[PDB]
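Inspection log for the structure reproduced underneath, given as structure tokens.
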Amino acid sequence: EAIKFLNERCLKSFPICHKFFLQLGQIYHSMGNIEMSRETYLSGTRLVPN
């Protein structure tokens, strides 16, 4: 759970990278919350198509 905040903050600011999104998704999967993970993935796609 302590990851998420950092991801929300630091990834958003400077890097804006795909790997981060993937990591987040993985984390979500690990702790159930599938819908949330899906949403995150979608967001990532929207932001970084390639």
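Chain labels A, B, ... are given in the sequence in which chains occur in the structure tokens; within each chain residues are numbered consecutively from 1, and ligands are likewise numbered from 1 in the order shown.
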Please identify all polymer residues within 9 Å of residue 22 in chain A, counting only C-alpha atoms, omitting same-chain residues fewer than 5 positions from it, and present them as number ranges by chain. A: 27, 40-41, 44
Can you tell me, as a ChimeraX atom specification, what residues are no more than 10 Å from range 46-48 of chain A when counting only C-alpha atoms, ignoring any on the same chain fewer than 6 positions away? /A:16-18,21,40
Please, what distance in Å, to one decimal, runs between CA of residue 50 in chain A and CA of residue 32 in chain A? 27.1 Å
Close residues, residue 23 in chain A itself excluded, 10 Å, only C-alpha atoms, min 6 positions apart in chain, as a ChimeraX atom specification: /A:3,7,29
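Residues in contact with residue 1 in chain A at up to 10 Å, not including ones fewer than 3 positions away on its chain and judged by only C-alpha atoms, are residues 4, 5, 27, 28 and 31 of chain A.
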Mind dumping the selected residues with N, CA and C atoms as a PDB file, in the first residue's frame?
ATOM      1  N   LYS A   4       1.747   3.255  -3.534  1.00  0.00           N
ATOM      2  CA  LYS A   4       0.780   3.866  -4.423  1.00  0.00           C
ATOM      3  C   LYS A   4       0.941   5.377  -4.436  1.00  0.00           C
ATOM      4  N   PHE A   5       1.110   5.936  -3.235  1.00  0.00           N
ATOM      5  CA  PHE A   5       1.203   7.376  -3.040  1.00  0.00           C
ATOM      6  C   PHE A   5       2.358   7.946  -3.856  1.00  0.00           C
ATOM      7  N   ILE A  27       0.901  -4.367  -9.016  1.00  0.00           N
ATOM      8  CA  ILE A  27       0.658  -4.156  -7.585  1.00  0.00           C
ATOM      9  C   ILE A  27      -0.826  -4.362  -7.275  1.00  0.00           C
ATOM     10  N   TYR A  28      -1.646  -3.742  -8.114  1.00  0.00           N
ATOM     11  CA  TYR A  28      -3.102  -3.809  -7.977  1.00  0.00           C
ATOM     12  C   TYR A  28      -3.574  -5.261  -8.047  1.00  0.00           C
ATOM     13  N   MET A  31      -2.830  -7.192  -4.941  1.00  0.00           N
ATOM     14  CA  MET A  31      -3.795  -6.892  -3.861  1.00  0.00           C
ATOM     15  C   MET A  31      -5.279  -6.908  -4.289  1.00  0.00           C
TER      16      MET A  31
END
List every residue of chain A that DSSP, applied to the backbone of this structure, places in alpha helix (DSSP H), and write the result as number ranges by chain. A: 2-6, 12-13, 18-30, 34-47
Selection export as a CSV table (one decimal), in the first residue's frame, atoms kept: N, CA, C and O atoms:
chain,number,residue,atom,x,y,z
A,2,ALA,N,2.0,1.3,0.6
A,2,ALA,CA,2.9,2.4,0.7
A,2,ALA,C,3.5,2.9,-0.7
A,2,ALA,O,3.9,4.1,-0.8
A,3,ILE,N,3.5,2.0,-1.7
A,3,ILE,CA,3.9,2.3,-3.0
A,3,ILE,C,3.1,3.4,-3.6
A,3,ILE,O,3.6,4.4,-4.2
A,4,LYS,N,1.7,3.3,-3.5
A,4,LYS,CA,0.8,3.9,-4.4
A,4,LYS,C,0.9,5.4,-4.4
A,4,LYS,O,0.9,6.0,-5.5
A,5,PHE,N,1.1,5.9,-3.2
A,5,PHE,CA,1.2,7.4,-3.0
A,5,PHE,C,2.4,7.9,-3.9
A,5,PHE,O,2.2,9.0,-4.6
A,6,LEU,N,3.5,7.3,-3.7
A,6,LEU,CA,4.7,7.7,-4.4
A,6,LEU,C,4.5,7.7,-5.9
A,6,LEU,O,4.9,8.7,-6.6
A,12,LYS,N,4.1,10.9,-11.9
A,12,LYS,CA,3.3,12.0,-12.6
A,12,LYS,C,4.1,13.2,-12.9
A,12,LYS,O,3.9,13.8,-14.0
A,13,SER,N,5.0,13.6,-12.0
A,13,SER,CA,5.8,14.8,-12.1
A,13,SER,C,6.8,14.8,-13.3
A,13,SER,O,6.6,15.5,-14.3
A,18,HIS,N,5.9,4.4,-19.0
A,18,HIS,CA,5.0,3.2,-19.1
A,18,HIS,C,5.2,2.2,-18.1
A,18,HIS,O,4.3,1.6,-17.5
A,19,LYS,N,6.5,1.9,-17.9
A,19,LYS,CA,6.9,0.9,-16.9
A,19,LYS,C,6.3,1.1,-15.6
A,19,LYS,O,5.9,0.1,-14.9
A,20,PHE,N,6.2,2.4,-15.1
A,20,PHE,CA,5.6,2.7,-13.9
A,20,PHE,C,4.1,2.2,-13.8
A,20,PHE,O,3.7,1.6,-12.8
A,21,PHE,N,3.4,2.5,-14.9
A,21,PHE,CA,2.0,2.1,-15.0
A,21,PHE,C,1.9,0.6,-14.9
A,21,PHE,O,1.0,0.1,-14.1
A,22,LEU,N,2.8,-0.1,-15.6
A,22,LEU,CA,2.8,-1.6,-15.5
A,22,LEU,C,3.0,-2.1,-14.1
A,22,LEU,O,2.2,-3.0,-13.7
A,23,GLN,N,3.9,-1.5,-13.4
A,23,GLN,CA,4.2,-1.8,-12.1
A,23,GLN,C,3.0,-1.6,-11.2
A,23,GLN,O,2.7,-2.5,-10.3
A,24,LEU,N,2.4,-0.5,-11.4
A,24,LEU,CA,1.2,-0.1,-10.6
A,24,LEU,C,0.1,-1.2,-10.8
A,24,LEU,O,-0.5,-1.7,-9.8
A,25,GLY,N,-0.1,-1.6,-12.1
A,25,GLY,CA,-1.1,-2.6,-12.4
A,25,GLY,C,-0.8,-3.9,-11.7
A,25,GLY,O,-1.7,-4.5,-11.2
A,26,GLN,N,0.5,-4.3,-11.8
A,26,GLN,CA,0.9,-5.5,-11.1
A,26,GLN,C,0.6,-5.5,-9.6
A,26,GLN,O,0.1,-6.5,-9.1
A,27,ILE,N,0.9,-4.4,-9.0
A,27,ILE,CA,0.7,-4.2,-7.6
A,27,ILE,C,-0.8,-4.4,-7.3
A,27,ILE,O,-1.2,-5.1,-6.3
A,28,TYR,N,-1.6,-3.7,-8.1
A,28,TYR,CA,-3.1,-3.8,-8.0
A,28,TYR,C,-3.6,-5.3,-8.0
A,28,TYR,O,-4.4,-5.7,-7.2
A,29,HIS,N,-3.0,-6.0,-9.0
A,29,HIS,CA,-3.3,-7.4,-9.3
A,29,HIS,C,-3.0,-8.2,-8.0
A,29,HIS,O,-3.8,-9.0,-7.6
A,30,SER,N,-1.8,-7.9,-7.5
A,30,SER,CA,-1.3,-8.6,-6.3
A,30,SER,C,-2.3,-8.4,-5.1
A,30,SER,O,-2.6,-9.4,-4.4
A,34,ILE,N,-9.1,-5.4,-9.2
A,34,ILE,CA,-8.8,-5.7,-10.7
A,34,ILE,C,-9.3,-4.5,-11.5
A,34,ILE,O,-8.6,-4.1,-12.4
A,35,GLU,N,-10.5,-4.0,-11.1
A,35,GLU,CA,-11.1,-2.9,-11.8
A,35,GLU,C,-10.2,-1.7,-11.8
A,35,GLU,O,-10.0,-1.0,-12.9
A,36,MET,N,-9.7,-1.4,-10.7
A,36,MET,CA,-8.8,-0.3,-10.5
A,36,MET,C,-7.6,-0.4,-11.4
A,36,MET,O,-7.2,0.6,-12.0
A,37,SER,N,-7.0,-1.6,-11.4
A,37,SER,CA,-5.8,-1.9,-12.2
A,37,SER,C,-6.1,-1.7,-13.7
A,37,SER,O,-5.3,-1.0,-14.4
A,38,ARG,N,-7.3,-2.1,-14.1
A,38,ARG,CA,-7.8,-2.0,-15.5
A,38,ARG,C,-7.8,-0.5,-15.9
A,38,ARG,O,-7.4,-0.1,-16.9
A,39,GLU,N,-8.4,0.3,-14.9
A,39,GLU,CA,-8.6,1.7,-15.1
A,39,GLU,C,-7.2,2.4,-15.3
A,39,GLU,O,-7.0,3.2,-16.2
A,40,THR,N,-6.3,2.0,-14.4
A,40,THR,CA,-4.9,2.5,-14.5
A,40,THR,C,-4.3,2.2,-15.8
A,40,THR,O,-3.7,3.1,-16.4
A,41,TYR,N,-4.5,1.0,-16.3
A,41,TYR,CA,-3.9,0.5,-17.6
A,41,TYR,C,-4.5,1.4,-18.7
A,41,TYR,O,-3.7,1.9,-19.6
A,42,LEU,N,-5.8,1.6,-18.6
A,42,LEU,CA,-6.5,2.4,-19.6
A,42,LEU,C,-5.9,3.8,-19.7
A,42,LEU,O,-5.6,4.4,-20.8
A,43,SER,N,-5.7,4.4,-18.5
A,43,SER,CA,-5.2,5.7,-18.3
A,43,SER,C,-3.8,5.8,-19.0
A,43,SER,O,-3.5,6.8,-19.7
A,44,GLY,N,-3.0,4.8,-18.7
A,44,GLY,CA,-1.6,4.7,-19.2
A,44,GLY,C,-1.6,4.7,-20.7
A,44,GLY,O,-0.9,5.4,-21.4
A,45,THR,N,-2.5,3.9,-21.3
A,45,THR,CA,-2.7,3.8,-22.7
A,45,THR,C,-3.0,5.1,-23.3
A,45,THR,O,-2.5,5.5,-24.4
A,46,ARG,N,-4.0,5.8,-22.7
A,46,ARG,CA,-4.4,7.1,-23.1
A,46,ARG,C,-3.3,8.1,-23.2
A,46,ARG,O,-3.1,8.8,-24.2
A,47,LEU,N,-2.5,8.1,-22.1
A,47,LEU,CA,-1.3,8.9,-22.0
A,47,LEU,C,-0.1,8.5,-22.9
A,47,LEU,O,0.4,9.4,-23.6
